[PDB]
Amino acid sequence: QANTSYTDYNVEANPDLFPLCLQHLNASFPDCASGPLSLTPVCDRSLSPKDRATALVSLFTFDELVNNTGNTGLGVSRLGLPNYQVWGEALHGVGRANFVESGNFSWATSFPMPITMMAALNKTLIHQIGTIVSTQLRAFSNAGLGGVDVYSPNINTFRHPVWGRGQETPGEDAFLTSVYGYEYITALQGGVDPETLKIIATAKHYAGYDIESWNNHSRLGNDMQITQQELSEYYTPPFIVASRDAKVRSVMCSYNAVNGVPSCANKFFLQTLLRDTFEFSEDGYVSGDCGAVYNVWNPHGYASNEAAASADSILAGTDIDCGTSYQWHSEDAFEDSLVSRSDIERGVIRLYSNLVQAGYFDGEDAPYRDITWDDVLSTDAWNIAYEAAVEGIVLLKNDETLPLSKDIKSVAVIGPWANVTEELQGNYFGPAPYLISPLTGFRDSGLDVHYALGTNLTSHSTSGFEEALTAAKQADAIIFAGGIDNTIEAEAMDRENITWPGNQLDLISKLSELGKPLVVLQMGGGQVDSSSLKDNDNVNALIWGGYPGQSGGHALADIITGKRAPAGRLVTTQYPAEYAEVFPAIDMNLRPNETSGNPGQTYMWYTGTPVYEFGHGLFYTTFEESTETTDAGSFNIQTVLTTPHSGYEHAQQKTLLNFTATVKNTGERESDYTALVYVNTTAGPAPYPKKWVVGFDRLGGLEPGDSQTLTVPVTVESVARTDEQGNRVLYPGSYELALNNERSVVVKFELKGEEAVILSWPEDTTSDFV
Amino acid sequence: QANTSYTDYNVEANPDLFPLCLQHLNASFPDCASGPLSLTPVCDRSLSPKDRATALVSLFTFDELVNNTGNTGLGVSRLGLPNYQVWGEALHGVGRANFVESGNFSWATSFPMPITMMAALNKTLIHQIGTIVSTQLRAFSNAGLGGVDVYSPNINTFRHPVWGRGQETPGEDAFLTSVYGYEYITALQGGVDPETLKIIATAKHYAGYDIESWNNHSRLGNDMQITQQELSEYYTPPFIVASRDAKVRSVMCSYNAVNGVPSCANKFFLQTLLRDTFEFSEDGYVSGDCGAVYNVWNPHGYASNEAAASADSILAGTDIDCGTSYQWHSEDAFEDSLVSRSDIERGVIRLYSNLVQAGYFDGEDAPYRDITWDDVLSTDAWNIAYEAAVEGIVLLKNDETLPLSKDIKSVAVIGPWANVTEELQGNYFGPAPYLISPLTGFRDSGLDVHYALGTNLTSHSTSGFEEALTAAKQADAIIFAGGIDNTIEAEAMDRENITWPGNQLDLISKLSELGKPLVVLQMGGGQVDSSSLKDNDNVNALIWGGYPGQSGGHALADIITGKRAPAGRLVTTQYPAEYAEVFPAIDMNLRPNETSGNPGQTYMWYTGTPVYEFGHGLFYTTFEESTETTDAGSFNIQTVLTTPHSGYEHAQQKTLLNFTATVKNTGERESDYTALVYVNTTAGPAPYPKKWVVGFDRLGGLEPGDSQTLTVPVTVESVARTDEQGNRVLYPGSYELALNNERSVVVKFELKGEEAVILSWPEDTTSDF
Ligand SMILES: *[C@@H]1O[C@H](CO)[C@@H](O[C@@H]2O[C@H](CO)[C@@H](O[C@@H]3O[C@H](CO[C@H]4O[C@H](CO[C@H]5O[C@H](CO)[C@@H](O)[C@H](O)[C@@H]5O[C@H]5O[C@H](CO)[C@@H](O)[C@H](O)[C@@H]5O)[C@@H](O)[C@H](O[C@H]5O[C@H](CO)[C@@H](O)[C@H](O)[C@@H]5O)[C@@H]4O)[C@@H](O)[C@H](O[C@H]4O[C@H](CO)[C@@H](O)[C@H](O)[C@@H]4O[C@H]4O[C@H](CO)[C@@H](O)[C@H](O)[C@@H]4O)[C@@H]3O)[C@H](O)[C@H]2NC(C)=O)[C@H](O)[C@H]1NC(C)=O
Ligand SMILES: *[C@@H]1O[C@H](CO)[C@@H](O[C@@H]2O[C@H](CO)[C@@H](O)[C@H](O)[C@H]2NC(C)=O)[C@H](O)[C@H]1NC(C)=O
Ligand SMILES: *[C@@H]1O[C@H](CO)[C@@H](O)[C@H](O)[C@H]1NC(C)=O
Ligand SMILES: *[C@@H]1O[C@H](CO)[C@@H](O)[C@H](O)[C@H]1NC(C)=O
Ligand SMILES: *[C@@H]1O[C@H](CO)[C@@H](O)[C@H](O)[C@H]1NC(C)=O
Ligand SMILES: *[C@@H]1O[C@H](CO)[C@@H](O)[C@H](O)[C@H]1NC(C)=O
Ligand SMILES: *[C@@H]1O[C@H](CO)[C@@H](O)[C@H](O)[C@H]1NC(C)=O
Ligand SMILES: *[C@@H]1O[C@H](CO)[C@@H](O)[C@H](O)[C@H]1NC(C)=O
Ligand SMILES: *[C@@H]1O[C@H](CO)[C@@H](O)[C@H](O)[C@H]1NC(C)=O
Ligand SMILES: *[C@@H]1O[C@H](CO)[C@@H](O)[C@H](O)[C@H]1NC(C)=O
Ligand SMILES: *[C@@H]1O[C@H](CO)[C@@H](O)[C@H](O)[C@H]1NC(C)=O
Ligand SMILES: *[C@@H]1O[C@H](CO)[C@@H](O)[C@H](O)[C@H]1NC(C)=O
Ligand SMILES: *[C@@H]1O[C@H](CO)[C@@H](O)[C@H](O)[C@H]1NC(C)=O
Ligand SMILES: *[C@@H]1O[C@H](CO)[C@@H](O)[C@H](O)[C@H]1NC(C)=O
Ligand SMILES: *[C@@H]1O[C@H](CO)[C@@H](O)[C@H](O)[C@H]1NC(C)=O
Ligand SMILES: *[C@@H]1O[C@H](CO)[C@@H](O)[C@H](O)[C@H]1NC(C)=O
Ligand SMILES: *[C@@H]1O[C@H](CO)[C@@H](O)[C@H](O)[C@H]1NC(C)=O
Ligand SMILES: *[C@@H]1O[C@H](CO)[C@@H](O)[C@H](O)[C@H]1NC(C)=O
Ligand SMILES: *[C@@H]1O[C@H](CO)[C@@H](O)[C@H](O)[C@H]1NC(C)=O
Ligand SMILES: *[C@@H]1O[C@H](CO)[C@@H](O)[C@H](O)[C@H]1NC(C)=O
């Protein structure tokens, strides 16, 4: 929109936002002691948030209202209503506060990227970080340096491995992504629909958004063809969970179209589904992605101008425009009879319902108003970012090499990922209090370190090889830190392949033939084809370290030297190179279609051979896994569904059966243990998924000898499939619960009865209406 | 459904309900101090109503749930949750309580029917009557004799004059019907979205329902074709006001289909309009009219069986089935996977959200739990039934004959409405504490009475004629009491004509030839063609008495003797009889169409010549009417909508300007004065309405020589029209506010600027899918 020359947003993946949208605002709180509003209903603490918000907007002139239909809410000086910035970010720590150059509020804790947080498979870990981010976010708010709402979390799934933003997500599995959303949102908002909101959270991006730019398919003009079945079974569950169970107070609509219609002008998505089917809060508000309302016009061409795009987005259910479409066109839209003042007011009343519920009109004694810089120091000082990295690092391969022998007194650190700063933080990060590179990790672990760059991330020169080989000879063992970073994968930048970049592999190879202990760190969010490192016996060890944040190097060093043990596991498939070549990344169809070239997408449908599988992880010890009841027997569907469901809003929310096992440490070392429980079945229509996650746990501190019992509730909804109309359906038949990919322990069960619908999928009568 | 032989419900207008549906239930309160629920969250006053109802429904087995999806909620004995009857009535007093044979709770105050109540043009009276009914209803509830929800009020409009149930409505105008609704509902529920619901009210019948059976066109199979424009402009505004302004907790969906879809299976009506456009409470429930859900299958044929009809109605938004469709066919629907459990629980949670907010779970100490029979006696003592009748009686013709001259000491009371009991009460009525005939009216008034039946209401016989004529001659003045009653107009029974029944006119005529003073009383809800009474100069006076309730007699006599002066006005048109002959009554098109024979419907569109007019009424006195400013001047549409609207949810709720007159009693008798304020315009699209009510009021006790300020807020929204797509639009152009039908006072104003939309009307994507 603010382009200075012709820009084709069918190909360009970054909008040109006007400065008003990008303007950071100085936060203050309205005054209900003596300001113009003190004697009005908005300051009456005995009325609902909706009545108080409604009374507030009633005072505005139209000009003042429109100034507050955008993310950069300019306020109303006349009523002592401050400017308010809706655009906050908390992907993995405070992301978009008004950071001071130095001193107080110059940094906030930078936790690992979500792709790495999820790998820990510790639902409590995700919760605890949210609580920490939530507190730091409040410290910034209370020093007038931020809002009380953030555009987090990303609960899209890493469907296709090229996605430049898959690093922001809890991986390719809807079940794990759902649980991520629930724990983070409940942590951000300060409880399950609680009396006072701590921080207003925002599930993004709703929906069908999992491509930036692959082969010039710009997110801003993408129209994704998705079946009601896959929309229901895959693309929306995390949103259903955020909306229905986490009681998320906000949803951001995506840039893309789905079945002809941009998300933010999509009645079916916003009204029929989110509002009429997923029980989105009565007072909840929808925010456009920055520029998304403009995109309904340019380049989707769903609306013929920015005034019609504004009208179509408001009438569909987009409450706040991240952008300048509402602010600069909602007046045109009104004068052209495209919307009513009441339409434009609906979005603002909803926003301020949430701010009232966050104590915004309640003065200095309100909840959370007492949080200071000292709470950022104290919460950071817990070093949960270190802990998070230590739990989330994944061992893909090991032959006794790790941990490092008593013998190894010196070690050669090599590769483009050894000497790094902000590479640790992935994206949507704020200034961190420090950044410990892997190099600085090993120096601090007290081994003699010999550094050599060797190669740059995307180099074809051998210039650096000589110096690296000679450093590797000096030393007792080789740590090679390579992979990808945001120079390869970022927002507006999908990968065009899923292979290691440059000549990093060529260098790892030469280091293999030196009879030296060779450890490879594969870093980045997306997965790279490590097939060559798999079937090469001289590469001893392989670690996926994702994006491990402010203390990543202490974490990686401490895993390697065995000061801590790894238990993390992959939360995406590592596909072979050819996967990214054989069918287009903008084909949303998950089910294998031989005619098209689609081998089926995600662990659930893929009919080729992963290099490393979704769920794959290793430990510095061995586990004996087994169970009391290895056939939990039959259950009647009509019986399960027709008993009381005391404690649950929905019958299908109940535990169908526990998955139980015993897990004994039968190896050298103390360690944590992670489990991912899958189901598979021939129940329901063909085709059939291979398996699908229905739970996960992390057991802690298993000394050798020690046993702990793993207990994973399989809920009724978790084993239901989905029909051709999108209804979630319990089908009768034969089911197996398998522990990890090796199927350590198998509990079988039969669903007896007739089919039952547990969620009715509304018909889409609006998308293609004439 | 419960028919013992074939019944064609396309012609038969009464459903055959199974007894479970018709069963009265012994009301009681769950025990949150001691019962099974005491330990559960439904008994926790920290939580919202929705969280409590939800927790409650979470304890049920499916079977128990399914048993509580119909009006006759059989309860859950396992949790000590009593049976609960959703089917209460309070059209114009307590109507479906478990009345006892005699003693305490054997009657309730029976007010005049709504059609007369409205003719008073006293919105305060409508509110006070509703507060009394609310108090009496809670007295019945506290005694274990009724629920805390009622299927009231009827805010359909008396669109066509043959309608059997127009008697139940505030007449043919959408504005008056809106205000009636707002005042009755806010009175029933005990405020505007109050902390504790007094009585849950139910706006009916939504929507497009204003025919029973005319020409064998049965309400149960009628598929009415309505334009989005007229659906938005005429047929839904009272429901908009009930939902958005009064905050009604319940809405009844109608028996009929509109544009191919039964209302209780109408997603457009229940979700897109009522829930997504009209701001219906997020805890509000939709009740089906008794049988309506069955009717989706038989005879509409929208569903192909009663399980499918049940599924289709739950998924549209019909929460509670008055009937046995849900109770007996929900399981078949669930097992044939037409609905989830969760779909079936949605409706019951909504109902129980409302019962939680009515204090149903909060024990003996909650608000309204202390009301007793004592409170029925005192509210009835106030005699608002009598006041209401006095304010609602409409004087049509008069030549000074009325009031009755001090001379006249004896009177011949004649006609079929003279000696009556339950005719005073119209329909949907419980037992009265007493019923005062017109005949009893005159005996009590002190005059000597000469009663003669003359003729029966519907009669081909001259048998009683001579006896009546004798009574007349042997007396100073003749009072004829005639018209229609619920033997002509009732539920399931439209009229087939709009003319006086039998030979009442033939007899009235002969009574006029005796040159004694002759006063005529046209009774009933429907108007009846009195052109022959107008033109007959020997008919001194003509009164419309409607259905004046328990004290109708004392009201009519006190008006006629002059112990009280009338002020009421018709709230329907009195059409010529040909009106019911030229076009089919099933045509919903309000605008005149010359190709179809449609002269236009109601005062707003009627091209013909009413016998008497919507708003017509006379006083026992004369009035001088004037205003300082006859040109209010110019208002810019954009200016009016772009300023603050402090105190109002929507900008359009703001007063555009006050219509403002001076009214002086220039006659010999004290009177109340009633004003209807009409707008007419050349703005917006063609055709143009003749006019439409934007306001009304009634001023009290104007003694002769006294003057009073008439001040009627004219709201921005009340002068907005409606485009071809159904949008509510303020149009720029020329406007005039006229006082009463003679336009005693005309105030001009002009709307300048561009067309603004004040209500975006959603597109119907689901009806034709
Ligand atoms: C899965 O993930 C889990 C979640 O992350 C993980 O559990 C956590 O493990 C970590 C790492 O081992 C623990 O971290 C230590 O915590 C010590 C302080 O502990 C006390 O406070 C904690 C935080 O409490 C807040 O959050 C709770 C959880 O939501 C709330 O319920 C609390 O009310 C509280 O909230 C407050 O703040 C919030 C955010 O600001 C805010 O929302 C809220 O309103 C309120 O203001 C508690 O969690 C903890 O509770 C544990 O222990 C108690 C008993 O003490 C039990 O009753 C509990 O059940 C629970 O088990 C405590 O109350 C820190 O002292 C410690 O830091 C020191 O050591 C680290 C090394 O790790 C150093 O880097 C650091 O600098 C510190 O060193 C300094 O002090 C030491 C003193 O020993 C000294 O040696 C040194 O010289 C130096 O001076 C560390 O951060 C964390 O406590 C665990 N929390 C929870 C809840 O689980 C779990 O292990 C993982 N499990 C698996 C299977 O992987
Ligand atoms: C509103 O209605 C009145 C009728 O009450 C209209 O009055 C007519 O006006 C024209 C020109 O002003 C006169 O020549 C006619 O004699 C009037 N007719 C009658 C029957 O009074 C008036 O035009 C209408 N106003 C608008 C703005 O449409
Ligand atoms: C910006 O790009 C658009 C095409 O998306 C083009 O229509 C417009 O002219 C460009 N604006 C400027 C100022 O170059
Ligand atoms: C915020 O405050 C700073 C420091 O006083 C000031 O310089 C700046 O202009 C203010 N920002 C805005 C957007 O007004
Ligand atoms: C709206 O915002 C603009 C700046 O973008 C400002 O100049 C203007 O004063 C504001 N309008 C009103 C009426 O406050
Ligand atoms: C910075 O925060 C600290 C809390 O550790 C506080 O002592 C100090 O006053 C703050 N400094 C300023 C200049 O606000
Ligand atoms: C490592 O990176 C830093 C920071 O970008 C750089 O200044 C330094 O020269 C690099 N080299 C070594 C050997 O650390
Ligand atoms: C790596 O990149 C840096 C920055 O461009 C460059 O100066 C350096 O020489 C490169 N090193 C090698 C070994 O190519
Ligand atoms: C499979 O691919 C072919 C060609 O792309 C397509 O016509 C067919 O409909 C696809 N099947 C499905 C289930 O989409
Ligand atoms: C499942 O396990 C939980 C946790 O121990 C237990 O409370 C519950 O009774 C078990 N439910 C079933 C269905 O076995
Ligand atoms: C599930 O998969 C296992 C192996 O993964 C297979 O042997 C078994 O037959 C499958 N069970 C069902 C119910 O499909
Ligand atoms: C009742 O009427 C219906 C149709 O209206 C008919 O199908 C049914 O057979 C009748 N039932 C009995 C017992 O006659
Ligand atoms: C209501 O109570 C009466 C008197 O005890 C009893 O005869 C009657 O059966 C009860 N009604 C029901 C429907 O159980
Ligand atoms: C449902 O209602 C029937 C009466 O129509 C009754 O026999 C039965 O007890 C009820 N079922 C349950 C589970 O309460
Ligand atoms: C109505 O139906 C009856 C039989 O039910 C029939 O005899 C009569 O002719 C019909 N009447 C009209 C006015 O169409
Ligand atoms: C009837 O109501 C009166 C009101 O005063 C009360 O005293 C009396 O106790 C009641 N009678 C019965 C039998 O409840
Ligand atoms: C009025 O009619 C009733 C029967 O409806 C009769 O018992 C009563 O005596 C009548 N009164 C007179 C005065 O005829
Ligand atoms: C009027 O009807 C009643 C009851 O049917 C009957 O007693 C009486 O004979 C009728 N009277 C006349 C005058 O027709
Ligand atoms: C007028 O009536 C005729 C006759 O049925 C019909 O064809 C036409 O659609 C009607 N016109 C309008 C404007 O409704
Ligand atoms: C209109 O009249 C009301 C009637 O009481 C008065 O209070 C109000 O201030 C007046 N407002 C305007 C805009 O004339």
Side-chain angles (χ1 to χ4, degrees), chain A residues 642 644, chain B residues 17-32 35-37 40 42-43 49-50 52-89 96-98 137 140-141 144-151 197 199-202 249-253 264 283-294 310 313-314 318-331 333-334 341 343-361:
Chain A
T642 62
Chain B
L17 307 184
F18 282 103
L20 166 61
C21 171
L22 275 156
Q23 189 162 23
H24 284 235
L25 300 177
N26 297 327
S28 53
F29 297 103
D31 184 4
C32 272
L37 302 167
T40 70
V42 68
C43 292
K50 184 86 128 46
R52 295 167 78 183
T54 307
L56 178 55
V57 173
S58 77
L59 307 185
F60 302 172
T61 78
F62 192 71
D63 292 340
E64 296 173 332
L65 171 71
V66 169
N67 261 1
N68 284 277
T69 72
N71 61 288
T72 310
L74 292 145
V76 193
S77 60
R78 182 166 58 78
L79 323 160
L81 190 74
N83 58 14
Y84 184 79
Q85 186 52 253
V86 177
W87 193 353
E89 298 289 3
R96 205 156 183 284
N98 298 358
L137 271 172
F140 278 86
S141 163
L145 294 187
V148 293
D149 86 86
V150 293
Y151 285 164
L197 292 171
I199 293 293
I200 299 151
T202 312
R249 289 317 201 91
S250 196
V251 172
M252 184 178 289
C253 49
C264 298
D283 289 342
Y285 68 102
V286 172
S287 181
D289 205 351
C290 308
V293 166
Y294 168 101
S310 300
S313 304
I314 292 164
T318 304
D319 297 311
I320 301 303
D321 161 43
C322 186
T324 50
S325 281
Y326 287 12
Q327 271 165 318
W328 295 352
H329 301 72
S330 276
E331 199 169 63
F334 166 64
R341 182 162 171 171
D343 293 323
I344 298 171
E345 318 195 306
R346 193 181 298 111
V348 178
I349 294 156
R350 288 168 162 170
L351 174 69
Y352 270 91
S353 299
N354 290 281
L355 297 177
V356 171
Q357 196 151 355
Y360 191 77
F361 292 86

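Below, chain A is the first sequence line, B the second, and so on; all start at residue 1.
When all heavy atoms of B:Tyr151 and B:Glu89 are compared, the pair lying nearest together is O-OE1, 3.1 Å. Between B:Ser353 and B:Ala53 the shortest heavy-atom distance is N-CB, 3.3 Å.
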What do the steps show when you test B:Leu20 against B:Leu74 for side-chain contact (heavy atoms from CB on, under 4.5 Å), and what is the final call?
CA-CA 9 Å; B:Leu20 166 61; B:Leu74 292 145; 3.9 Å; yes
Between B:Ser310 and B:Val293, is the side-chain contact (heavy atoms from CB on, under 4.5 Å) condition met? List the steps.
CA-CA 6 Å; B:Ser310 300; B:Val293 166; 4.0 Å; yes
Test B:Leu137 against B:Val150 for side-chain contact (heavy atoms from CB on, under 4.5 Å), laying out the working first.
CA-CA 9 Å; B:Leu137 271 172; B:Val150 293; 3.5 Å; yes
Criterion side-chain contact (heavy atoms from CB on, under 4.5 Å) on B:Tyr326 and B:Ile344, from CA distance to verdict
CA-CA 9 Å; B:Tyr326 287 12; B:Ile344 298 171; over 6 Å; no
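No donor-acceptor pair closer than 3.5 Å links the side chain of B:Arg78 to the backbone N or O of B:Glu64. Side chain of B:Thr318 to main chain of B:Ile314: no donor-acceptor pair is present (N/O by atom type, distance under 3.5 Å, no hydrogens or angles). No donor-acceptor pair under 3.5 Å is formed between the side chain of A:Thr642 and the backbone N or O of B:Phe62. Without hydrogens or angle criteria, B:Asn354 side chain to B:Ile200 main chain gives no donor-acceptor distance under 3.5 Å. No donor-acceptor distance shorter than 3.5 angstrom exists from the side chain of B:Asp283 to the backbone of B:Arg350, with no hydrogens or angles considered.
Between the CG atom in B:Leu197 and the CD atom in B:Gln357 there is a gap of 5.0 Å [rounded to 0.5 Å].
A donor-acceptor contact closer than 3.5 angstrom is absent between the side chains of B:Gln327 and B:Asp321. Judged by distance alone, the side chains of B:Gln85 and B:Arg96 never bring a donor and an acceptor atom under 3.5 Å apart. A donor-acceptor pair shorter than 3.5 Å can be found between the side chains of B:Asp149 and B:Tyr84.
In this structure, the side chains of B:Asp319 and B:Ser287 stay at 4.5 Å or more apart for every pair of heavy atoms. Under the 4.5 Å side-chain criterion, counting only non-hydrogen atoms from C-beta, B:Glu345 is in contact with B:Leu65. You'll find the side chain of B:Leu22 reaches within 4.5 Å of the side chain of B:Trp87, heavy atoms only.
B:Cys290-B:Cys21 SG separation is not under 2.5 Å; the pair is not scored as a disulfide. The SG atoms of B:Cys253 and B:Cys264 sit under 2.5 Å apart.
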